[PDB]
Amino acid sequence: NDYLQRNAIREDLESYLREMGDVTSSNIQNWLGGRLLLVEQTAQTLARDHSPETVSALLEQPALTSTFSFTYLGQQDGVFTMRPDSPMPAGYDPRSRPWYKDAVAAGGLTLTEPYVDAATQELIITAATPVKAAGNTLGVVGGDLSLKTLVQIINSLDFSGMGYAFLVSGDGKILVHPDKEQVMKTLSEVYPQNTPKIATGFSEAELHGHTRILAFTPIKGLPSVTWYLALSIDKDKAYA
């Protein structure tokens, strides 16, 4: 009867959303991965040669400057070198920054959560890794990514007009979202009454007057972090 057909329709939809979540998660994994690779390659080059002349020429290579807003080296002694140039706030110390600390704590590649950029003052995410030469940490290489760029990547398609995608941490922190007002809120703040759980399937919740279906897919291949690709789908539209 109705209930079994209700379930048949629901499972069909969940199957479709699962597919979508999978290949969308892979897409963002692979996009982020190319950037992680540049940072890794850059740090490994610097481990062998970090003279001021090499640092300058390296950070100026177009494969970096056309990929990141800024690419930079923060050294163990606090010295900072960045391309391209920017006005910089007084007091700046790269060793105090989230990207530096996250990279050293991970002992290798990392992605920060959004943090307030020192110069542009906007939220950004950074790919970073320590520069290690024979066990000696010389400093950390970082490359900055705009949140705007990331929302574009995971929202390449509009899911038949059913909804959109966002990024969220395992602890429920919204990292990247089409709605700037939702960024760095938690799932619990956005959904105080009936909070979607990250494990391990599908949830309904109410947003802006409408029932949405939320589904979370792990993003693999992100070193040191546990992030999910979330689909947020208008429920009534989806079943139509």
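A residue's number is simply how far along the shown sequence it sits, counting from 1.
Set 184 to 192 against 44 to 52 and average the Cα temperature factors; 184 to 192 ends up higher.
Taking the PDB entry as given, 118 to 126 carries the higher mean Cα B factor of the two stretches 87 to 95 and 118 to 126. Annotation for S69, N27, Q61, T211: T211 ranks highest, by Cα B-factor.
When the Cα B-factors of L32, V39, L175, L207 are read from the PDB record, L207 comes out highest. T112: CA B factor lies in the lowest third for its chain, per the PDB record. When the modelled residues of the chain are ordered by C-alpha B-factor, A105 sits in the middle third.
Annotation for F159: C-alpha temperature factor in the highest third relative to the rest of the modelled chain, per the entry. In the deposited entry, the Cα temperature factor of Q75 sits in the middle third of values across the chain's modelled residues.
Per the PDB record, residue ranking by Cα B-factor puts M82 in the lowest third of the chain.
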